[PDB]
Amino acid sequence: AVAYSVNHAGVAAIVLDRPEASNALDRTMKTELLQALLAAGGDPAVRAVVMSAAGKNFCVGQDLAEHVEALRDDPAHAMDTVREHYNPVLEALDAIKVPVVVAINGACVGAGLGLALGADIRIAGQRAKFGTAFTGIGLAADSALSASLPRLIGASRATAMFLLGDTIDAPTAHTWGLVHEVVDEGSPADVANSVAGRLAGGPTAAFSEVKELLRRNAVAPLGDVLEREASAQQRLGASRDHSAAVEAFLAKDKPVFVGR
């Protein structure tokens, strides 16, 4: 239901594989997704992660039928899944230190959007549609979407998407900063795999450091920004990948990077 593999080049592939339900997230999906993300995060050989999905739609979020059962069974506790399933998935995704690429086809809504916005690089097919969804069904937000959406497109457009509840299309998402590239529908997994392959061959420690600097320094005082930068640069200055790159540059030559 969620496929996981790590190839020779150290690219971990996580594929949502429930296309008949538009990759709607039932307990089986949520459990296997968590496992896939934790494995990617805990494997020292993984130098990049690519997240993709089978069928026409990336992820429509929570499985409706499973939600109906919980709601009819115990309405005061029907959102237990947020703590039990969604939160650890988002934390597992966040814990991944290497670059994460996502290939977004068709519908990407609710927790599906939440999952996608947790990646570092986002590639959309031309017919991709992005939506908060939660307020449409009288809910607010989960899957970190109340933070990740405004941080990518700003508070004003995030607020509009949540209150008006309308889907936006791929070009609008590109213009707004929600995704990095728009490609032909059916091509985003191929492009994401190439981008992930390219990242996996790069200086993995440098990528992990800069990713962490970016997260920590978003709103920090300048003094803290500069101190953390200095320390990260000192660690990388001593890395094998840094000497290899400098030596390659002097030799008018292309470096091979190994991630340390």
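Don't overthink the numbering: it's just position in the shown sequence, from 1.
Novice: Take the C-alpha B-factors listed in the entry for 181-189 and for 135-143, compute each mean, and give the stretch with the larger one.
Specialist: Comparing 181-189 with 135-143, the higher mean C-alpha B-factor belongs to 181-189.
Novice: Please work out which of 204-212 and 56-64 has the higher mean CA B-factor as recorded in the PDB entry.
Specialist: In the deposited entry, the stretch with the higher C-alpha B-factor mean is 56-64.
Novice: Going by the CA temperature factor in the entry, name the top one among 96, 76, 152, 90.
Specialist: Of the options given, 76 has the highest CA B-factor in the PDB entry.
Novice: Within this chain, which third does the Cα B-factor at residue 167 fall in: lowest, middle or highest?
Specialist: Its C-alpha B-factor, which the entry lists for residue 167, ranks in the highest third among residues of this chain.
Novice: Could you place residue 71 in the lowest, middle or highest third of its chain by Cα temperature factor, using the values in the record?
Specialist: Its C-alpha B-factor, which the entry lists for residue 71, ranks in the highest third among residues of this chain.
Novice: Within this chain's modelled residues, let me know which third the CA B factor of residue 223 belongs to: lowest, middle or highest.
Specialist: Its C-alpha B-factor, which the entry lists for residue 223, ranks in the lowest third among residues of this chain.
Novice: Sort the modelled residues of this chain by their C-alpha B factor and say whether residue 250 lands in the lowest, middle or highest third.
Specialist: Answer is highest: the recorded C-alpha B-factor places it there.
Novice: Would the CA B-factor of residue 33 place it in the lowest, middle or highest third of its chain?
Specialist: Middle third, going by the recorded CA B-factors of the chain.
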